[PDB]
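Input: a single structure, listed below in structure tokens.
Every residue, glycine among them, receives a Cβ derived from its backbone with ideal geometry; neighbour counts consider all protein chains shown. What follows draws every value from the coordinates through simple rules; no lab data is involved.
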Amino acid sequence: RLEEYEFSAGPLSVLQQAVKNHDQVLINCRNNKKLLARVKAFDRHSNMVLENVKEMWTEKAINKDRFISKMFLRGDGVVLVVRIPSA
Amino acid sequence: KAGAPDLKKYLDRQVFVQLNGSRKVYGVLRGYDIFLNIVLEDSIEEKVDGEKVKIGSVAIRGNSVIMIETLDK
Amino acid sequence: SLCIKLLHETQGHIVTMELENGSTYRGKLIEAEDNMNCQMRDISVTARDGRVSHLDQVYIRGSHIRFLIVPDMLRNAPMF
Amino acid sequence: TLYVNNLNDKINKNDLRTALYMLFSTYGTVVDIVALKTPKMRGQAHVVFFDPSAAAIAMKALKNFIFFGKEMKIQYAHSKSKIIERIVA
Amino acid sequence: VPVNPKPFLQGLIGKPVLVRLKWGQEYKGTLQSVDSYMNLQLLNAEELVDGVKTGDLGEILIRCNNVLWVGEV
Amino acid sequence: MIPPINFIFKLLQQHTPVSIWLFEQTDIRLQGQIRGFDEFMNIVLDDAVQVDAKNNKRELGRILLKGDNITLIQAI
Amino acid sequence: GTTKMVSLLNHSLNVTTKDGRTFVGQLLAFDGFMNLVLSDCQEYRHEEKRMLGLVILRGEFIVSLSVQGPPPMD
Amino acid sequence: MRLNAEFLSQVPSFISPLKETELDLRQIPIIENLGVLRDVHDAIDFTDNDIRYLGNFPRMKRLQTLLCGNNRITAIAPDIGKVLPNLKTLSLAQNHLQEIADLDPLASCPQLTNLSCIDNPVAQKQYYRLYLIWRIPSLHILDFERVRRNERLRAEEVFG
Amino acid sequence: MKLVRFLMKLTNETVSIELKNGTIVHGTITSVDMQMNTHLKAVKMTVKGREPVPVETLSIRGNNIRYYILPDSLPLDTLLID
RNA sequence: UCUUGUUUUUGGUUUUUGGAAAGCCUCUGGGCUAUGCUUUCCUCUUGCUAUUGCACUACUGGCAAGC
């Protein structure tokens, strides 16, 4: 009922805006391993289906990257989303 | 849901609470909650040193609580 | 649910348990809850160190419990 | 059930019970073993077998068997074991 | 006279705002929208870690779990 | 007897100064007067101050806290 | 749902928990929170063992489930 | 009466007296088809059967106790640690091991701590105890007697 | 009105699952629930700081699941429809 | 018709181990990184000897030394 109202106006609208614009996104995770990809679909919990993902993460400092085709992310692991446009 | 806990027998009696972060408190039990939020009066800290600081009336959160004891039978 | 009724049925007997704290408590159980609150007496605590103590009365929060350990005759009890 | 006494009480309880189980398995299935280290009960154990013939054979063949250094003394228990009573009725 | 959290965030919208996380980091920036869960959204945000700017990101949303603080610059 | 939310309602009217402790952080505490609150235990503090074990009193302004992070609310 | 979970009933299980510990034994009772009841339980902290008996775990504490053996006729 | 999958599936299964999951297999001549137990047992009781060789096991990571009383064991297989890595207790009472050298394959069982070989002809061979201690040093209790330091040293002289 | 409903379609394929615990799990999916609790068939799971061990019937307390790395052959557009 | 807001499923993160202070050893790369050791803080194994007792178990002798 009221769930329909917030998808248009609120914070989550900018993904709906970006994902419809065919946009890429930078996501900071709770694993201390950021995700850089383009989104397919999302949800109220921030359960997101990502495509063509690439990680960035330090070690013991060494940075390491891996390409993943399809990825369902449970929104619990997400802590911060940066909805950056190409234009 | 919301089983109002059995804290009627502790009302207006001294306590020895334990909370998250290994911190603990003494006080007279005034009132309790569905979620186990607590009202304590004459609240005294028990620091890791053992230095006991008087505070007064205090509202401890439910989530935090680990346990609740009785000093005197 | 049955995992709660078994608990209520061990009221009176002596119970062992483990908390997120890390310590285990042993004693006669007086009252329980659907939340998994507990009310025990003559408790004999044993932490990670091995430090024993005595606690006259105790209340708990279920959220803080990891798991219980219950007497053996409580396996023939009925499951409805 | 057989009652054993004169056992080396320095063995830890769980090791004692596991060696007891191993040793006595040669005569028949051992249903359970009761052994405590209290002052009263130390150096003793009750070994319970499914079959009665197994208990009698164990008793005669292991009388005075050196176990962890001492010769064990075996005898038939005074009463029936709780587990046996429950399994019978 | 009482000032409640919804009305507070309904009046905070648009102005400069700094909000911490549970893990120390504190981000400043103007506010666009506020859900029923709080669940913040920011634009032109610069991440201040230990009182030190790290990376200017721009358009942002923070999950409402991690938010520790809400106030203003 | 005294229920918990009725106790917090007194702290609004009296405008009493109250120090707030955090969930998993003993090193930090807070201060300030209470303007308003809600059902989920979120609080709007006024003239709030960040305090430490060192006693490093750092000023903030009018802020809001999430109810998930509180532990103690204490008068004066 | 919970159609799969009833199928596991009365099998010897290997249950990993968030602590890392792994409990083992048959499954007598099951819940919507995934509260498990287990019979004749053993932990394997790791070259280690302990005997408990009847154990009632919470949902918070449980990670994964795995069948050790088929359902017993005993 | 071949040890078969069908045989294992109708076999008494229970939690034993020392709190371990045990399978009851108490006239099998050859140990085979253990795959069907699915590595779900801590103990397997093979007492009172006609097995000749302790061999034929699949990879069984659980299996910690093997009770093999009153069989006809005259030889021990060579790859036992590769199929039974955590074998901790082996009870071989009243079997047919006759030569000290036939006990050699037990040296490869790294976790083997409880060993019983009583009522085997090999027992009466000169230096049987010292031989086992030096060749299977991982054993702590042999024939229900504590392996002591003095015996270890004595077994270090002889056989050094 | 949930993305969970899409995972009920997912059944049958193999996936390497990561958890909050930090484990990794290759295995075929049999069934997926509304509360995320998945059951797996013919599994090869590896623990953080231990050797990989094969399990037959693994099942996971959904709460712990970080992400599914889906196979590359699966069409998303078709599954996102009710 | 709903099921992400304190006790479970839409995360408060993580478990002899970890952190801090200099020295030594080993490995890798072109004085850096990792590991262990060395100092401080927060039942098990040696000897010895006691007990001979009919049970259903947190645990179970005491004394000295080692961890």
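Of these, C:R48, C:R75, which one is more than 10 Å from chain B (Cβ to nearest Cβ) and within 9 Å of RNA strand J (Cβ to nearest atom)?
Values: C:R75 fails: within 9 Å of RNA strand J (Cβ to nearest atom).
Just a single option satisfies the conditions, and that option is C:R48.
Name the residues in the stretch H:31-40 that are more than 15 Å from the chain's Cα centre (by Cα) and not acidic (D, E), would you?
Our first condition is that a residue be more than 15 Å from the chain's Cα centre (by Cα); within the stretch H:31-40, this holds for H:32-40.
Passing the criteria: H:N33, H:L34, H:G35, H:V36, H:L37, H:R38, H:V40.
Applying the condition of being within 16 Å of RNA strand J (Cβ to nearest atom), among the small types (G, A, S) and assigned to a loop (DSSP other than H, G, I, E, B) to the stretch A:40-86 and asking which residue is nearest to A:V14 (Cα to Cα) yields A:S46.
From the list B:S43, B:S57, B:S22, the lone residue that is hydroxyl-bearing (S, T, Y), within 9 Å of another protein chain (Cβ to nearest Cβ) and either within 15 Å of RNA strand J (Cβ to nearest atom) or on the phi > 0 side of the Ramachandran plot (or both) is B:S22.
For every residue, the table says whether it meets (1) surrounded by fewer than 18 Cβ atoms within 10 Å (Cβ to Cβ); (2) under 25 Å from B:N20 (Cα atoms); (3) away from chain E (no Cβ under 11 Å); (4) not acidic (D, E).
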position	(1), (2), (3), (4)
F:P4	no, yes, yes, yes
F:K10	yes, no, yes, yes
F:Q14	yes, no, yes, yes
F:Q31	yes, yes, yes, yes
F:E39	yes, yes, no, no
F:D47	yes, no, yes, no
F:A53	yes, yes, yes, yes
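Consider the stretch G:11-49 and keep the residues that are away from chain H (no Cβ under 11 Å) and at positive phi. The one that is surrounded by the fewest Cβ atoms within 10 Å (Cβ to Cβ) is G:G20. Under the condition of being in contact with a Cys (Cβ under 9 Å, 6 or more places away or on another chain), hydroxyl-bearing (S, T, Y) and within 15 Å of F:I63 (Cα to Cα), the residues counted in the stretch E:15-41 number 0. The condition of being more than 14 Å from chain H (Cβ to nearest Cβ), within 10 Å of RNA strand J (Cβ to nearest atom) and out of contact with any helix residue (DSSP H, G or I) (no Cβ under 8 Å at 6 or more places or on another chain) holds for only one of G:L52, G:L57, that being G:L57.
Quick one: how many residues across the stretch E:3-17 are surrounded by 12 or more Cβ atoms within 10 Å (Cβ to Cβ) and either farther than 15 Å from F:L45 by Cα or touching a helix residue (DSSP H, G or I) at 6+ places or on another chain (Cβ under 7 Å) (or both)?
Here is the first cut: in the stretch E:3-17, the ones surrounded by 12 or more Cβ atoms within 10 Å (Cβ to Cβ) are E:3-9, E:12-13, E:16-17.
Narrowing further to those that are either farther than 15 Å from F:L45 by Cα or touching a helix residue (DSSP H, G or I) at 6+ places or on another chain (Cβ under 7 Å) (or both): E:13, E:16-17.
Total satisfying the criteria: 3.
Checked against the criterion of being more than 12 Å from chain F (Cβ to nearest Cβ), out of contact with any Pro (no Cβ under 6 Å at 6 or more places or on another chain) and not polar (S, T, N, Q), the candidates E:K22, E:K28, E:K6 yield just one match: E:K28.
Among the criteria (1) over 24 Å from H:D42 (Cβ atoms); (2) surrounded by 14 or more Cβ atoms within 10 Å (Cβ to Cβ); (3) more than 14 Å from every other protein chain (Cβ to nearest Cβ), the one H:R129 does not fulfil is (3). Looking only at residues of the stretch I:28-48 that are more than 10 Å from every other protein chain (Cβ to nearest Cβ) and closer than 20 Å to I:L79 by Cβ, we find that the one that is farthest from RNA strand J (Cβ to nearest atom) is I:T28.
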